[PDB]
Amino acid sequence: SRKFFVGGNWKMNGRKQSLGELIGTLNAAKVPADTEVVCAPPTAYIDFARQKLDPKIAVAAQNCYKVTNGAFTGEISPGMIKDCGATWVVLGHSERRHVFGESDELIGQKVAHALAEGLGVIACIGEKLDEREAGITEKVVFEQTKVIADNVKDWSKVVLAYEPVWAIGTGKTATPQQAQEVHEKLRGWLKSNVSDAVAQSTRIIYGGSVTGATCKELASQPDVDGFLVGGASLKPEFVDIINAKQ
C-alpha cells in the first residue's frame, strides 16, 4: 500500500531539441507497473514536454504562485499548469527556499492553492549543513513539514521529498541509513501530528544523491518510497533509477 515514486527534476536545463532527445529515451524505456514516474521540465517547456511525453509519465511544474491570476510578472498559476496538461507541481524546493528566499509561509500558501486547484504537490523539505551540524535536523524538517501539513486537507495528492541540503554541493555525503533515519522520523511526525492513515499512505521520497549503483539500496530502505532526482534525471541512468525496485 505505497506506490514507488520517481520524480525527475530537470531544473533549468535543456532546449527543445535536447529535451526532445531526452523525452525520446524516456518514451522507449519501459516503465514498471509499480512505479509512478513524473518529469519536471523548465517552465518554458511544460507544454512542449507534455505534448512529446508518453502519458505513462506525468508532467510537473518546478514552481507556481498562490493565486489563480494576478499582477505577478514572472509567475505562473496552478490553473496555467493544468491548462498545459501537467498534473503536478514541485513546491518548497531547496533552491527556491535558499537561492530565491521563499518562506515557509509562502510555500504553505502555494500548497493550499495548488491542491485546491486539483494539482498534485511534491512538497520539498530539508536541513542545511549548519543546521545539521548544530544538531537541529529534526526541528527544521518538522517545522517545514508542519507548515506544509497546515495547508493540506487531502494527502492523497501530496508527496514529501526530503532534500539532504547538508550533503549537496558541500563535499559531504549521505549514507542510506542516514536517509532512512530522517525518512522514519518524518513518517513518525505524520503519525503523531496528522494520522496513522496519512503516515502509512504518504510517499516520502529521497532528494539527495542517487546513482544507478546506490539506487537499489536506497529504494529498499523501508521508509524510502522513491526519488526526486536532479542532475541524473537528464541522463540515461534515470531509467535505472525508475527500475530501482526491479
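In case it trips you up, residue 1 is the first one in the sequence shown, and so on.
Judged by mean Cα B factor in the deposited record, 139-147 ranks above the other of 73-81 and 139-147.
The stretch with the higher mean CA B factor, choosing between 97-105 and 165-173, is 165-173. As recorded in the PDB entry, 215 shows the highest C-alpha B-factor of the residues 215, 64, 198, 38. Across the options 158, 89, 134, 112, the residue with the most elevated CA B-factor in the record is 134. In the deposited entry, the Cα temperature factor of residue 209 places it in the highest third of its chain's modelled residues. Ranked by C-alpha B-factor against the other modelled residues of its chain, residue 236 falls in the highest third. The PDB entry assigns residue 129 a C-alpha temperature factor belonging to the highest third of its chain's modelled residues. Split the chain's modelled residues into thirds by C-alpha temperature factor. Residue 43 is in the lowest one. In the PDB entry, residue 194 places in the middle third of its chain by CA B-factor.
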